[PDB]
Amino acid sequence: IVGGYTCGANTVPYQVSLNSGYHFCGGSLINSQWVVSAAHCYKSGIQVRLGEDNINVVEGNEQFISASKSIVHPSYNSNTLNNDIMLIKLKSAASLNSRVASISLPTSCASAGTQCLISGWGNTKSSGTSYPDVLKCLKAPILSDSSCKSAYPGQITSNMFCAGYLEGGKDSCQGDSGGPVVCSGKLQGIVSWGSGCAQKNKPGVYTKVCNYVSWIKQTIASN
Ligand SMILES: NC(=[NH2+])c1ccc2[nH]c(-c3cccc(-c4ccccc4)c3[O-])nc2c1
Ligand SMILES: [Ca+2]
């Protein structure tokens, strides 16, 4: 997260870190045994880390659970990143409390102008790599489809939306991929891509979760 602030330990209880010997992506806890992340974050050997704040120190509240299976959307296209969503089933259920909690899926899509909270342990520099130890947060608004499409002509599908600042300076970045975009207490997006980080006129692009709610529900119901 570039231009964000320190969230404060366990203030974002549905945030998870996908770890394979190091933190590589974020994710959101939606129930005690399932997490949603981005399909481009897929790999084998994923350990899900819940209740984290400082990813390099065990401080208490953490729960490390291995993933039993990862389900990448069947229509995920790695070249366009259309349908960039994945579900991870945990080997065992997490113990939910006030530090580890699930986030609700939306009943409707959000509108431009809606203010959302994006969080993660991704890069904090737009020019260079500086990864933090603690969770960073950023408040950003969903942009209108015309500003999104004018920024990335030909690259936005109806399963994506832009959120951020056209002036640059604040944005999600590499390492934040897979994490949550929560607006009005509902999970509306998944950090997916962008051109660089916090560059002028190149806002972040997110997977539009409202379009996948029936899919998520059906898939969880059958696995
Ligand atoms: N400007 C942005 N809002 C933004 C957001 C997420 C990003 N994620 C990335 C990204 C860049 C390089 C590699 C990965 C990557 C690839 C495979 C696995 C994990 C991360 C990224 O997610 N750039 C990103 C840029
Ligand atoms: Ca820790």
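Residue indices begin at 1 and follow the sequence shown. Atoms considered below: every heavy atom in the structure, side chains included; atoms not considered: hydrogens, waters and symmetry mates.
The aromatic rings of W215 and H73 sit tilted, their planes meeting at an angle between 30° and 60°.
The shortest distance between side-chain heavy atoms of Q33 and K89 falls below 4.5 Å. Counting only heavy atoms from C-beta outward, the side chains of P13 and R99 never approach each other to under 4.5 Å. Here the side chains of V35 and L50 are not in contact, with every heavy-atom distance at 4.5 Å or above.
Looking only at atom types and distance, the side chain of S66 has no donor-acceptor partner in the side chain of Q47 under 3.5 Å away. A donor-acceptor contact closer than 3.5 angstrom links the side chains of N223 and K69. A donor and an acceptor atom, one from each side chain of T157 and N82, are located under 3.5 Å apart. Looking only at atom types and distance, the side chain of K136 has no donor-acceptor partner in the side chain of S119 under 3.5 Å away. No hydrogens or angles considered: a donor-acceptor pair under 3.5 Å links the side chains of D84 and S192.
With hydrogens and angles ignored, the 3.5 Å screen pairs a side-chain donor or acceptor of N83 with a backbone N or O of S75. For the pair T114 (side chain) and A110 (backbone), a donor-acceptor distance under 3.5 Å is absent. Formation of a donor-acceptor pair under 3.5 Å by the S32 side chain with backbone atoms of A94 is not found in this model. Under the 3.5 Å distance criterion, the side-chain polar atoms of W121 are matched with a main-chain donor or acceptor of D53.
Remark: of the listed residues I142, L187, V182, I142 is the sole one forming a side-chain contact (heavy atoms from CB on, under 4.5 Å) with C116.
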Before you tell me yes or no, could you show the steps for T129 and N123 under side chain to side chain donor-acceptor pair (under 3.5 Å), namely the whole-Å CA-CA distance, both residues' side-chain angles and the distance that decides it to 0.1 Å? CA-CA 6 Å; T129 41; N123 188 17; 5.8 Å; no

Full working for side chain to side chain donor-acceptor pair (under 3.5 Å) between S150 and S147: CA-CA 5 Å; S150 293; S147 305; over 6 Å; no

Using the side-chain contact (heavy atoms from CB on, under 4.5 Å) rule, take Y152 and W193 through it: C-alpha gap first, then chi angles, then the decisive distance, then the call. CA-CA 11 Å; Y152 297 111; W193 58 281; 3.8 Å; yes

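Within the structure, side-chain hydrogen bond (donor to acceptor under 3.5 Å, both in side chains) contacts touching residues 169-185 (residues at least two apart or in different chains) are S172-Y206.
Placement of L117 and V191 in two distinct hydrophobic clusters is found when ILVMFWY residues are connected by side-chain heavy-atom separations under 4.5 Å, directly or transitively.
A cation-pi arrangement is present between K43 and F24, with the terminal nitrogen or guanidinium carbon under 6.0 Å from the aromatic centre and inside a 45° cone about the axis.
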